Number of protein chains: 2
Amino acid sequence: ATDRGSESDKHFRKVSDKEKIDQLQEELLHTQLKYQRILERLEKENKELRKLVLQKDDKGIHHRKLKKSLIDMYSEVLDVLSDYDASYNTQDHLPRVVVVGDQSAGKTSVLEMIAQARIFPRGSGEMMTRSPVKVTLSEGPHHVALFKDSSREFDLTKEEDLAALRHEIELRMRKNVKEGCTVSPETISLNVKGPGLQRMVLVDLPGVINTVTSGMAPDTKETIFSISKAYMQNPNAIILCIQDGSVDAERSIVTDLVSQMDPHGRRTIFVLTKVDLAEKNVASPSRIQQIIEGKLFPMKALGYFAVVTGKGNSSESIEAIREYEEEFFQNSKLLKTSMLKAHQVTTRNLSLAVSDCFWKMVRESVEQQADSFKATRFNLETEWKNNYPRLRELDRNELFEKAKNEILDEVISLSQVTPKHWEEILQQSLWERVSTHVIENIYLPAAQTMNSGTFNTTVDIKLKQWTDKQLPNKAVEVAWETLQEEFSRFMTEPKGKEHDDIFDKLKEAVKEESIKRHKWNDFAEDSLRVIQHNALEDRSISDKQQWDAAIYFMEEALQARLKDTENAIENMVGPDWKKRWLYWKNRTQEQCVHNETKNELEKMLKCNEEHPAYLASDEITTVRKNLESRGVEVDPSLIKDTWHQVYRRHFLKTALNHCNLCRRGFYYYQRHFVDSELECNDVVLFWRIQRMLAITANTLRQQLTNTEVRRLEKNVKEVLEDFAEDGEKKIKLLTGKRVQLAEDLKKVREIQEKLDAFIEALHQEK
Amino acid sequence: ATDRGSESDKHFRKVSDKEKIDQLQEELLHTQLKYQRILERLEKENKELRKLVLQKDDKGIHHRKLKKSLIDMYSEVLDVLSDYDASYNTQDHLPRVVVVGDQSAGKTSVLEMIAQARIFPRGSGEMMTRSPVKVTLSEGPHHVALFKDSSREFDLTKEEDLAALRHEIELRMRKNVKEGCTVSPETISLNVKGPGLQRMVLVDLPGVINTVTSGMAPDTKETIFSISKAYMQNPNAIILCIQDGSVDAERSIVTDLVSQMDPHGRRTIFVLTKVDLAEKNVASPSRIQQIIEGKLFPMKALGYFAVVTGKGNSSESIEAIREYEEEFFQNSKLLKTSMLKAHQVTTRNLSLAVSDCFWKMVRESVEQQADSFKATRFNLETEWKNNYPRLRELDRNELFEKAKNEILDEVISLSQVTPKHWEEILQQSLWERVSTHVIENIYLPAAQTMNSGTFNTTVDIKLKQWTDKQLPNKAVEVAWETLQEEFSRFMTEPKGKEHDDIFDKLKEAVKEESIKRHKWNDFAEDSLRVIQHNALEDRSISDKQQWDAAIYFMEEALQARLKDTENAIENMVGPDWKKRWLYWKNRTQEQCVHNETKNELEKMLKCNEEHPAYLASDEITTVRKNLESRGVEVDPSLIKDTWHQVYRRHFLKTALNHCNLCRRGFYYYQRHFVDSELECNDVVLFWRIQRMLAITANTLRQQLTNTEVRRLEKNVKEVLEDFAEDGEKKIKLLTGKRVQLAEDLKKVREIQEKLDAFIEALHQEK
Ligand SMILES: Nc1nc2c(ncn2[C@@H]2O[C@H](COP(=O)(O)OP(=O)(O)O)[C@@H](O)[C@H]2O)c(=O)[nH]1
Ligand SMILES: Nc1nc2c(ncn2[C@@H]2O[C@H](COP(=O)(O)OP(=O)(O)O)[C@@H](O)[C@H]2O)c(=O)[nH]1
Ligand code: ALF
Ligand code: ALF
Ligand SMILES: [K+]
Ligand SMILES: [K+]
Ligand SMILES: [Mg+2]
Ligand SMILES: [Mg+2]
């Protein structure tokens with residue numbers, strides 16, 4: 001009878017097994033223990049069956065050391081790195097090839113005529129590049145590129161598919177840009193296969209703008225510079241410097257961006273675009289001869305200075321661009337009358353030369369990263385472990401689940417609270433809430449008559465009306481709060497000096513959802529009304545012990561009121577001579593008035609001890625004249641306020657003296673046959689309420705332990721499952737700086753594997 | 001200007017004038033004044049004597065003094081006395097033409113013989129006359145009728161109006177008779193005029209059954225006898241016994257009743273229905289002759305007449321009665337054998353014998369009804385003079401008006417209550433409500449940490465959440481309930497002896513109605529939330545006096561908590577030896593066990609006075625084993641609860657000593673360049689709590705006095721209007737037994753005036 005919710009769950013839980021254990025045992029334990037093992041061993045078979053078919057498309061199985069997915073290893077390493085750390089602290093050490101040049105140059109053309117002319121939005125009229133776009137190029141058949149690493153199935157040779165693919169990239173480009181600028185560092189990941197593509201990662205960084213026009217947000221050019229740090233602070237970056245062939249080199253921006261990155265040109269190759277505009281204006285090949293020699297290019301870029309040319313139409317196909325480029329370069333005086341042989345100028349030579357320089361840098365510098373990340377992990381683990389010796393290995397998934405079980409365990413522990421605590425806490429809390437209402441609004445005005453029948457009649461009518469409207473509504477609220485008060489203590493209270501504060505955000509977050517769903521039984525009040533009516537209706541106290549308990553607790557309530565009034569009075573009247581002379585204090589003129597106003601009222605009560613609480617205006621006038629006769633002029637309102645506090649002090653002392661004789665007078669045996677005027681009807685009123693609330697608490701406790709705590713437990717389970725799926729809150733709640741460090745350690749460990757996997761793939765040559 | 005009465009008077013006068021031209025008086029200019037022309041025209045109509053002369057002629061002698069002046073006025077006297085006196089004990093002097101008998105069909109026919117019109121319910125095989133039906137008969141324009149309170153005139157020569165009269169009578173009978181019975185004493189009244197009518201007042205009473213069949217309630221026969229004795233016991237009434245003539249004289253159900261109520265033959269006249277069955281010998285002719293002569297009556301009788309009717313139909317005219325008077329008696333033995341006398345054949349002789357003796361009884365007996373009227377008025381006025389010298393015709397209207405005015409005045413007085421009292425009581429009530437919530441849920445749990453900064457952080461977070469969710473709702477509850485308390489104090493019995501309870505019914509009903517109809521401002525809680533958040537942000541304390549005030553505030557709260565804990569502890573462990581060996585008491589086994597556990601925990605806390613609230617189960621086991629070594633075995637929860645109580649007591653004593661040191665330090669001076677041992681933070685918290693409570697109380701007082709108190713006053717006025725319009729609620733509320741005495745005195749006076757006018761007219765008739 002102490003608790004019934006736990007028994008119900010066990011009974012039906014066994015029933016479920018008795019009917020379905022022959023299916024549950026296989027699914028719940030046998031399958032799950034083998035499930036993890038088969039992931040390593042049997043999924044291996046299905047992965048290999050498809051992988052081999054995919055490798056045949058790659059040709060990796062057919063040809064040793066030659067596989068189109070071999071270059072995809074390089075991108076996988078960077079994809080983890082960008083997710084692990086997209087900031088300069090990690091990005092600055094990641095090898096890459098970047099397209100750098102004046103925005104007007106159309107610098108991206110170096111990549112458009114390879115694969116991107118079909119799927120990347122282009123054309124003049126507006127700035128196209130909005131954020132770094134990385135394209136993973138690989139020798140292979142035509143295949144729809146990955147867009148934001150998302151799979152696609154499109155034909156790259158038909159306009160209808162390509163147009164939709166151009167839309168997809170544009171959406172990422174603009175969405176990466178936030179208010180205040182037109183460019184964003186947030187990168188876009190593309191991976192395309194097709195003929196003529198080289199194994200390398202080329203990034204089209206947003207074009208630099210000398211000045212921010214009114215058509216662009218003010219921070220455009222500063223943002224591009226910060227994005228330009230992808231190479232300016234990256235010793236592993238290869239820079240393709242694009243000179244806008246429409247304008248002279250002395251008008252360029254790229255010269256300063258790269259010359260401050262590598263003034264020796266060791267990390268860069270200079271490329272020129274739109275050279276054919278030289279013949280749409282008065283061509284000056286003598287300036288081109290300086291261009292090839294790098295006289296006017298401070299970065300002294302190394303390699304052959306390739307040139308890109310195009311019809312300028314934004315619909316020219318990749319094949320059309322290649323054919324146009326070859327014919328123009330092989331005949332134009334810009335290159336035929338200067339030392340720029342077309343077979344070195346052609347973009348396809350740049351793609352090969354860029355691919356050649358790409359693998360040179362990657363193999364040389366990649367091994368340094370493996371040592372760097374390993375050193376990082378050891379330094380992080382040493383400090384992380386020393387500050388958190390308890391957690392040698394931690395994850396945010398492990399952190400959440402521990403709380404999930406811990407929370408459910410505590411709420412169950414809350415369900416283990418004995419009724420003794422519930423009944424005492426509910427009874428004590430509820431009575432204290434309504435202890436003054438009865439005294440001030442029911443008892444004291446009823447005490448103004450000497451007719452005990454009216455006294456009991458008056459209160460009973462008020463109580464029944466009060467009972468119907470207030471008592472069960474306050475009682476449930478106390479019970480609802482009382483359960484939450486213990487729940488919070490069970491939930492988030494520390495175990496002395498040991499406490500995992502890392503879990504407090506989730507615990508309180510779970511509570512708020514669980515209390516919102518904690519709807520107390522809407523009919524609990526109806527039972528209490530019947531109970532309270534019966535508890536009040538039965539006023540028969542035939543037991544001395546019932547009398548003894550009721551009177552002592554009534555005294556405490558009255559003594560509390562007496563001190564409450566007395567403390568208010570002392571402030572109203574101030575210190576007496578004992579404290580005025582002891583602490584060198586004095587009275588305010590109001591306190592002086594109150595003391596004399598008190599004295600006159602005390603004298604009035606000294607004789608008229610039975611004076612009713614209500615004062616006649618003649619008494620108010622009499623006091624005023626009695627005080628005015630001593631030089632004290634008092635507003636009637638002061639007297640009435642003084643009167644109320646002093647009267648209760650007078651009354652309450654009388655009531656306690658009545659209580660003293662009620663217990664003592666009846667206690668003496670020979671006095672029980674003396675019918676004195678000591679009808680302790682207040683003890684009858686107090687006793688019934690004490691019993692009435694005690695029964696109320698028991699009804700609340702029964703509902704508390706039978707229905708409400710189970711609803712609280714059920715809601716917690718519903719909320720915790722929502723949190724289990726709510727990754728963002730789990731991240732937002734689990735921010736303890738050790739799980740985040742543990743998360744970083746995991747990512748560092750993964751990168752070390754990914755770094756070595758690619759490095760291991762480099763070592764396939766020997 | 002400062003502290004000058006003249007400025008206050010000028011401000012009050014300006015505001016008063018603005019209110020005088022406000023919307024309250026603006027509406028009256030467009031709703032009341034424009035009808036003063038109609039009021040003036042009505043005054044001119046009232047001052048003209050034309051209406052008074054017309055009333056004198058119409059309500060007195062309109063050329064018919066005997067038939068008109070005091071026949072309808074006699075009916076009014078009877079109606080007013082029956083309204084005042086439900087019983088007939090006071091109607092002995094007022095004669096009536098009473099028709100009683102069995103369920104004979106001729107009961108309807110005799111009443112239509114005297115009231116010569118087919119106006120009475122007609123039926124077969126049933127007792128149609130459920131309830132008494134009064135008809136006033138007199139001369140006037142031929143075949144005209146009236147129905148009391150139906151606002152309709154009836155043509156007695158057309159079937160539609162006679163049917164309307166009968167159907168209205170039947171409907172009133174069906175409303176007088178409740179389910180389960182067929183009869184009801186409630187009356188139905190007609191006013192019928194025609195040249196064939198005498199100055200008579202007739203009552204159509206249910207026939208006697210003396211037995212109940214067909215599922216009818218067994219009380220029906222006693223109800224019938226009571227209805228019929230209400231008149232048959234009237235000394236001045238005239239009783240017409242309707243005898244069914246289809247049976248022998250030996251079967252007469254009503255003879256035995258009149259033989260006891262009228263053994264002297266002074267009222268009772270027997271009439272034989274279905275006289276055609278004497279011609280047919282269906283009924284014994286010998287007994288018919290003897291009843292005509294009167295040899296068969298065991299009593300004296302006033303007379304005997306024949307009921308000259310045949311089965312006929314409901315459409316048969318009165319002249320059918322004349323035709324039967326010719327045919328039955330010229331053809332039958334009733335004259336051929338001289339069984340019946342000629343004057344008994346005539347029903348006009350029955351009508352005249354009843355009418356003349358009826359008015360003779362009127363003139364003989366009605367006059368002396370003034371002696372009992374004067375005696376009743378004397379007794380009522382004597383009771384008033386002895387006990388209620390201030391009591392007047394305090395009927396449903398006067399007491400209601402006085403209570404309404406007192407209620408409005410007391411509500412205005414409430415509306416004028418000073419802000420000081422409002423704010424003080426609001427702060428005290430809200431502190432009573434929130435002190436233990438703060439102490440138990442914020443302060444104590446926070447106290448577990450030694451870092452006052454995290455203590456303050458947790459306290460502020462909990463306070464903000466409590467403000468957002470609970471605090472303003474408790475504040476609004478406090479304001480509303482405090483308003484209710486003051487409103488009840490004004491509305492309910494003043495705490496004196498002068499109160500007259502007679503207004504308590506209306507005062508309490510109005511209080512409940514206005515309180516339940518009152519609604520609080522919707523958005524007070526949002527302002528309170530913002531205000532309380534800002535006040536919480538205000539952590540700047542500079543005055544030692546605020547420090548000490550908050551110290552004593554939280555100190556008194558803490559001492560109350562400490563005493564509660566100590567009393568619970570004493571209950572848990574029982575009294576000490578000082579009482580065990582003084583009052584010869586002892587501890588229970590649980591009490592000794594708890595005392596030993598407390599001693600062990602005290603020893604533990606005397607080595608670590610800073611031990612946290614949480615206990616490890618190893619400490620529980622150690623205490624259990626120590627108790628075993630002391631002969632005591634305990635449940636872990638026993639130790640846990642003892643620890644809870646004693647540790648809280650210890651913490652409270654420690655906090656009280658901490659306050660004792662706080663009052664010897666201060667927020668700023670304890671910290672800067674001093675070796676303070678104090679580190680006091682509770683004072684700031686509870687000082688901020690004091691300030692927030694004071695600000696909330698002041699905001700609540702402003703909202704109250706601006707909107708809510710006047711809203712309650714307006715609701716009170718609306719409720720008073722509703723009660724004024726609600727006659728029934730006034731009837732039930734105003735049952736003070738003095739209202740009823742006033743109503744009885746007024747009604748006795750009215751019947752005395754009607755009787756005096758009636759008797760004066762009677763003397764004018766002689
Ligand atoms: N004349 C000429 N036009 C080019 C060349 N490369 C690209 N374009 C034109 O520039 C436009 C878009 O090229 P794109 O590489 O996207 O430059 P961006 O949009 O300014 O970054 C298209 O209309 C192309 O025809 C080139 O080498 N010579
Ligand atoms: N044969 C015969 N029929 C009568 C006599 N009096 C009345 N009736 C018929 O019975 C009906 C009696 O009316 P009823 O409603 O029963 O009177 P109630 O029972 O006293 O209310 C009339 O409509 C007549 O048609 C009578 O003396 N002889
Ligand atoms: F014109 Al660009 F990136 F070169 F938008
Ligand atoms: F039949 Al009756 F009164 F209705 F005698
Ligand atoms: K452009
Ligand atoms: K009948
Ligand atoms: Mg572009
Ligand atoms: Mg009848």
# chains A, B, ... in the order shown; residues from 1 in each chain; ligands from 1
call {"tool": "residues_near_ligand", "arguments": {"ligand": "ligand 2", "cutoff": "10 Å", "atoms": "only C-alpha atoms and all ligand atoms", "output": "PyMOL selection string"}}
result
chain B and resi 99-112+118+120-131+204-207+242-246+272-277+306-316
call {"tool": "interface_residues", "arguments": {"of": "chain B", "to": "chain A", "cutoff": "9 Å", "atoms": "only C-alpha atoms", "output": "VMD selection string"}}
result
chain B and resid 418 421 432 to 433 436 440 to 441 445 448 to 449 485 488 to 489 493 to 497 560 611 to 616 637 641
call {"tool": "write_last_selection", "arguments": {"atoms": "N, CA, C and O atoms", "output": "compact mmCIF listing (two decimals), in the first residue's frame"}}
result
# COMPACT_ATOMS: atom_id res chain seq x y z
N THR B 418 -6.25 53.79 3.25
CA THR B 418 -4.97 54.43 2.98
C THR B 418 -4.00 53.45 2.32
O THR B 418 -3.99 52.26 2.66
N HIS B 421 -1.75 51.02 4.84
CA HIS B 421 -2.30 49.74 5.29
C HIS B 421 -2.26 48.71 4.17
O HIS B 421 -1.88 47.55 4.39
N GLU B 432 4.58 35.88 4.01
CA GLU B 432 4.10 34.63 4.58
C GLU B 432 4.05 33.54 3.53
O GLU B 432 4.37 32.38 3.81
N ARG B 433 3.68 33.90 2.30
CA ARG B 433 3.54 32.88 1.26
C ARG B 433 4.88 32.41 0.72
O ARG B 433 5.02 31.23 0.39
N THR B 436 9.06 30.45 3.15
CA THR B 436 9.53 29.07 3.21
C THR B 436 9.92 28.54 1.84
O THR B 436 10.86 27.75 1.75
N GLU B 440 13.69 27.11 1.69
CA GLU B 440 13.90 25.69 1.45
C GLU B 440 14.42 25.41 0.05
O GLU B 440 15.23 24.49 -0.13
N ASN B 441 13.98 26.17 -0.96
CA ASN B 441 14.29 25.81 -2.34
C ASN B 441 15.45 26.59 -2.94
O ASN B 441 16.01 26.14 -3.94
N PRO B 445 19.56 25.03 -0.30
CA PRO B 445 20.33 24.29 -1.32
C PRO B 445 21.55 25.05 -1.79
O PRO B 445 22.61 24.45 -1.99
N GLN B 448 24.97 24.96 0.29
CA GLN B 448 25.89 23.83 0.29
C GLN B 448 27.25 24.18 -0.28
O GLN B 448 28.23 23.49 0.03
N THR B 449 27.35 25.23 -1.09
CA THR B 449 28.61 25.61 -1.70
C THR B 449 29.33 26.62 -0.83
O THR B 449 28.71 27.47 -0.18
N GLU B 485 -10.48 40.14 1.71
CA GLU B 485 -10.52 40.16 3.16
C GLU B 485 -11.02 41.50 3.68
O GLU B 485 -11.90 41.55 4.54
N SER B 488 -14.70 41.85 2.88
CA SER B 488 -15.53 41.10 3.81
C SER B 488 -15.61 41.79 5.16
O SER B 488 -16.68 41.85 5.77
N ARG B 489 -14.48 42.32 5.64
CA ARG B 489 -14.50 43.02 6.92
C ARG B 489 -15.48 44.18 6.89
O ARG B 489 -16.23 44.40 7.85
N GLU B 493 -20.37 41.34 9.44
CA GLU B 493 -20.69 41.93 10.73
C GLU B 493 -19.47 42.67 11.28
O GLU B 493 -18.39 42.07 11.37
N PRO B 494 -19.59 43.94 11.64
CA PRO B 494 -18.48 44.60 12.33
C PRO B 494 -18.23 43.95 13.68
O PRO B 494 -19.14 43.46 14.34
N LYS B 495 -16.96 43.94 14.08
CA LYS B 495 -16.54 43.26 15.30
C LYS B 495 -16.98 44.07 16.53
O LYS B 495 -16.17 44.52 17.34
N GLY B 496 -18.29 44.26 16.63
CA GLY B 496 -18.88 44.99 17.74
C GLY B 496 -20.14 44.32 18.25
O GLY B 496 -20.40 43.15 17.94
N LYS B 497 -20.94 45.05 19.02
CA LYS B 497 -22.21 44.55 19.53
C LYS B 497 -23.42 45.24 18.90
O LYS B 497 -24.52 44.69 18.98
N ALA B 560 11.73 31.12 13.06
CA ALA B 560 10.49 30.37 12.89
C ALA B 560 10.79 28.97 12.35
O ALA B 560 10.28 27.97 12.88
N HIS B 611 29.92 19.62 7.52
CA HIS B 611 29.53 18.46 6.75
C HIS B 611 28.34 18.81 5.86
O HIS B 611 27.39 19.46 6.32
N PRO B 612 28.34 18.39 4.60
CA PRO B 612 27.24 18.77 3.70
C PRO B 612 25.95 18.06 4.08
O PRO B 612 25.92 17.08 4.83
N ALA B 613 24.85 18.58 3.52
CA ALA B 613 23.54 18.02 3.80
C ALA B 613 23.46 16.56 3.39
O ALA B 613 22.77 15.77 4.05
N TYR B 614 24.15 16.17 2.33
CA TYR B 614 24.07 14.81 1.82
C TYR B 614 24.89 13.87 2.70
O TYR B 614 26.04 14.17 3.05
N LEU B 615 24.31 12.73 3.04
CA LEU B 615 24.99 11.67 3.77
C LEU B 615 25.25 10.49 2.85
O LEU B 615 24.39 10.12 2.04
N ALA B 616 26.44 9.91 2.96
CA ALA B 616 26.74 8.67 2.26
C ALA B 616 26.15 7.48 3.01
O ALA B 616 26.03 7.50 4.24
N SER B 637 16.25 4.98 6.42
CA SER B 637 15.45 6.20 6.31
C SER B 637 15.23 6.86 7.66
O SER B 637 15.08 8.09 7.72
N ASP B 641 16.11 10.75 8.04
CA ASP B 641 15.19 11.79 8.49
C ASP B 641 15.71 12.49 9.73
O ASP B 641 15.60 13.72 9.87
call {"tool": "atom_distance", "arguments": {"atom1": "CA of residue 660 (chain A)", "atom2": "CA of residue 554 (chain A)"}}
result
11.4 Å
call {"tool": "calpha_fit_rmsd", "arguments": {"fixed": "chain B", "moving": "chain A"}}
result
4.0 Å
call {"tool": "residues_around", "arguments": {"residues": "residue 72 (chain B)", "least_positions_apart": "6", "cutoff": "12 Å", "atoms": "only C-alpha atoms", "output": "short mmCIF file (atom, residue, chain, number, x, y, z; two decimals) with C-alpha atoms, in the first residue's frame"}}
result
data_model
loop_
_atom_site.label_atom_id
_atom_site.label_comp_id
_atom_site.auth_asym_id
_atom_site.auth_seq_id
_atom_site.Cartn_x
_atom_site.Cartn_y
_atom_site.Cartn_z
CA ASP B 58 -65.88 53.24 -11.24
CA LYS B 59 -64.51 51.77 -8.00
CA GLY B 60 -67.57 52.83 -5.99
CA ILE B 61 -71.15 53.43 -7.14
CA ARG B 64 -75.04 50.23 -9.23
CA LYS B 65 -74.28 50.54 -5.51
CA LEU B 66 -75.50 47.13 -4.32
CA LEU B 78 -61.49 37.90 -0.04
CA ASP B 79 -58.52 37.90 -2.42
CA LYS B 134 -64.08 31.53 -7.66
CA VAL B 135 -66.71 33.37 -9.71
CA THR B 136 -68.07 36.82 -8.88
CA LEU B 137 -71.66 37.26 -10.06
CA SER B 138 -73.55 40.52 -10.61
CA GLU B 139 -75.71 42.32 -13.13
CA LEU B 146 -63.78 38.67 -17.24
CA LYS B 148 -58.69 37.60 -13.41
CA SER B 189 -61.05 33.57 -10.12
CA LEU B 190 -63.64 34.89 -12.58
CA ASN B 191 -65.84 37.97 -12.80
CA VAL B 192 -69.10 37.24 -14.63
CA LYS B 193 -71.91 39.73 -15.25
CA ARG B 199 -74.77 39.52 -6.19
CA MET B 200 -73.01 36.28 -5.23
CA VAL B 201 -69.50 34.88 -4.94
CA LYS B 754 -61.12 47.13 2.65
CA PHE B 758 -67.14 47.17 2.63
#
call {"tool": "atom_distance", "arguments": {"atom1": "CA of residue 391 (chain A)", "atom2": "CA of residue 741 (chain A)"}}
result
11.1 Å
call {"tool": "closest_residue", "arguments": {"among": "B:115, B:400, B:693, B:606", "to": "residue 355 (chain B)", "atoms": "only C-alpha atoms"}}
result
B:115
call {"tool": "residues_around", "arguments": {"residues": "residue 622 (chain B)", "least_positions_apart": "6", "cutoff": "12 Å", "atoms": "only C-alpha atoms", "output": "ChimeraX atom specification"}}
result
/B:597,600-601,604,615-616,628-629,633-634,636,639
call {"tool": "select_by_dssp", "arguments": {"residues": "region 407-522 of chain A", "states": "alpha helix (DSSP H)", "output": "MDAnalysis selection string"}}
result
chainID A and resid 407:415 419:437 444:446 452:469 471:492 504:516
call {"tool": "closest_residue", "arguments": {"among": "B:182, B:16, B:332, B:337", "to": "ligand 8", "atoms": "only C-alpha atoms and all ligand atoms"}}
result
B:182
call {"tool": "residues_around", "arguments": {"residues": "residue 420 (chain A)", "least_positions_apart": "4", "cutoff": "10 Å", "atoms": "only C-alpha atoms", "output": "list in words"}}
result
residues 2, 424, 425, 426, 698 and 701 of chain A
call {"tool": "atom_distance", "arguments": {"atom1": "CA of residue 208 (chain A)", "atom2": "CA of residue 178 (chain A)"}}
result
17.8 Å
call {"tool": "closest_residue", "arguments": {"among": "A:666, A:35, A:373, A:583", "to": "residue 746 (chain A)", "atoms": "only C-alpha atoms"}}
result
A:373
call {"tool": "residues_around", "arguments": {"residues": "region 707-718 of chain B", "least_positions_apart": "6", "cutoff": "10 Å", "atoms": "only C-alpha atoms", "output": "PyMOL selection string"}}
result
chain B and resi 404+407-408+410-412+414-416+479-480+483-484+487+510-521+700-701+724
call {"tool": "select_by_dssp", "arguments": {"residues": "region 273-509 of chain B", "states": "strand (DSSP E or B)", "output": "compact mmCIF listing (two decimals) with C-alpha atoms, in the first residue's frame"}}
result
# COMPACT_ATOMS: atom_id res chain seq x y z
CA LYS B 300 -80.77 19.86 10.18
CA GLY B 303 -83.01 23.65 2.34
CA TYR B 304 -83.39 21.37 -0.65
CA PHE B 305 -83.71 22.05 -4.38
CA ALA B 306 -83.92 20.02 -7.56
call {"tool": "residues_around", "arguments": {"residues": "residue 561 (chain B)", "least_positions_apart": "3", "cutoff": "9 Å", "atoms": "only C-alpha atoms", "output": "mmCIF file with N, CA, C and O atoms, in the first residue's frame"}}
result
data_model
loop_
_atom_site.group_PDB
_atom_site.id
_atom_site.type_symbol
_atom_site.label_atom_id
_atom_site.label_comp_id
_atom_site.auth_asym_id
_atom_site.auth_seq_id
_atom_site.Cartn_x
_atom_site.Cartn_y
_atom_site.Cartn_z
ATOM 1 N N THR B 436 9.064 30.446 3.146
ATOM 2 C CA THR B 436 9.533 29.074 3.208
ATOM 3 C C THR B 436 9.922 28.543 1.842
ATOM 4 O O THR B 436 10.860 27.746 1.752
ATOM 5 N N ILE B 439 13.429 29.908 1.531
ATOM 6 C CA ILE B 439 14.368 29.313 2.475
ATOM 7 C C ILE B 439 14.705 27.891 2.056
ATOM 8 O O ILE B 439 15.873 27.486 2.049
ATOM 9 N N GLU B 556 14.160 36.417 11.671
ATOM 10 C CA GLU B 556 12.873 35.972 12.180
ATOM 11 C C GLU B 556 12.348 34.806 11.358
ATOM 12 O O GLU B 556 11.812 33.838 11.913
ATOM 13 N N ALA B 557 12.523 34.861 10.034
ATOM 14 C CA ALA B 557 12.144 33.705 9.226
ATOM 15 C C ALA B 557 12.907 32.458 9.667
ATOM 16 O O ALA B 557 12.319 31.381 9.850
ATOM 17 N N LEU B 558 14.214 32.602 9.884
ATOM 18 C CA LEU B 558 15.057 31.477 10.265
ATOM 19 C C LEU B 558 14.691 30.950 11.641
ATOM 20 O O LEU B 558 14.739 29.743 11.876
ATOM 21 N N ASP B 564 10.151 25.375 14.298
ATOM 22 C CA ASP B 564 9.381 24.299 13.684
ATOM 23 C C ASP B 564 10.188 23.008 13.656
ATOM 24 O O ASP B 564 9.685 21.933 14.019
ATOM 25 N N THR B 565 11.456 23.104 13.258
ATOM 26 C CA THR B 565 12.305 21.921 13.194
ATOM 27 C C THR B 565 12.522 21.340 14.583
ATOM 28 O O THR B 565 12.529 20.119 14.758
ATOM 29 N N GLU B 566 12.705 22.201 15.583
ATOM 30 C CA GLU B 566 12.948 21.726 16.939
ATOM 31 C C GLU B 566 11.723 21.025 17.504
ATOM 32 O O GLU B 566 11.845 20.026 18.220
ATOM 33 N N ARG B 649 18.526 21.958 11.725
ATOM 34 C CA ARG B 649 18.632 22.724 12.964
ATOM 35 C C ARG B 649 20.031 23.302 13.130
ATOM 36 O O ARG B 649 20.197 24.480 13.474
ATOM 37 N N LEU B 652 20.702 26.078 10.706
ATOM 38 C CA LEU B 652 19.970 27.281 11.085
ATOM 39 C C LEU B 652 20.644 27.998 12.248
ATOM 40 O O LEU B 652 20.733 29.230 12.254
#
call {"tool": "closest_residue", "arguments": {"among": "A:547, A:38, A:320, A:209", "to": "ligand 5", "atoms": "only C-alpha atoms and all ligand atoms"}}
result
A:209
call {"tool": "closest_residue", "arguments": {"among": "B:8, B:143, B:179, B:203", "to": "ligand 8", "atoms": "only C-alpha atoms and all ligand atoms"}}
result
B:203
